[PDB]
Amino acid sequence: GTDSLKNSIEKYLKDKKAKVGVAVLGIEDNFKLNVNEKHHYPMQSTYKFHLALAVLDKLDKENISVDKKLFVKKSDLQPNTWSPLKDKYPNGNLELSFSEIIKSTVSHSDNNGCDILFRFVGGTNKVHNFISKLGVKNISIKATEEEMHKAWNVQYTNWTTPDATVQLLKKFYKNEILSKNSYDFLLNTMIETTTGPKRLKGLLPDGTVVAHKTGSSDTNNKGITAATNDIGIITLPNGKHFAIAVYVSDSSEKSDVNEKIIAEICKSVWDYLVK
């Protein structure tokens, strides 16, 4: 049962030198599991999901096609930051569709796409408020990728509880937030994600559908990796779904271990729910 699954996860965590938050919520059925859920975990890129929700809601409500294009200045494409968009368009100064920018920001975790979209939607506060008004408490959106890059502690201002995340994922998956077509688009984009293949997906059967968004910090001079995260919705063999969010925070472990913590926890949940 759920209590025994929870105990297994807690036992697994006993020798990991990290603070690990876990939440799970069934979509169709009533399953719920939380571990270490009352802490505030740094989100890193996982908040590009929240951002995409706010952007697609604005495009919906204002009747703006996702095929309309922003002018992306070269200055919008900062160097020495993770950015597949910048490598694809190294001169910048070009027109890119909201669709193209959202796909890169979500599926490929583009840091420059993220900030382009924050500027479009009206800033971090707009997104913070948007999420809060969906009725999901315990999420804080305060800093852009550029801002996070300026100073180590700024990432902690973009925080969440793990149960907030899965509450939000469930509202999403049930298409309670967006238009049908914007929902379909963001869901496809989340399944198309290419980052974190050894996180939630890592130990699940080949071809399992995992609609997800990763997040990753750097490491400080004390050996601490603030955030190694993955959040998403997984399709079970009988077509039902569960939302899961894992935050491996403030870790002294190497990256292979941090990813494996996510993969193993997810595999434990999968095995329980398929049984």
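Sequential numbering from 1, following the sequence displayed.
As recorded in the PDB entry, 201 to 209 is the stretch of 185 to 193 and 201 to 209 with the greater mean C-alpha temperature factor. Stretch comparison (10 to 18 versus 255 to 263) by mean CA B-factor in the PDB entry places 10 to 18 on top.
Of all the options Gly123, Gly92, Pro84, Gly113, the entry's greatest CA B-factor is assigned to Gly123. For the set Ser216, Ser65, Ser249, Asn36, the PDB entry puts the maximum C-alpha B factor at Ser65. Ranked by Cα temperature factor within the chain, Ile224 sits in the middle third according to the deposited record. Among the modelled residues of its chain, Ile234 has a C-alpha B-factor that falls in the middle third, as given in the PDB entry. Sort the modelled residues of the chain by CA B factor and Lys32 lands in the highest third.
For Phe98, the recorded CA temperature factor ranks within the lowest third of the chain's modelled residues. Sort the chain's modelled residues by C-alpha temperature factor and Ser140 lands in the middle third, per the entry.
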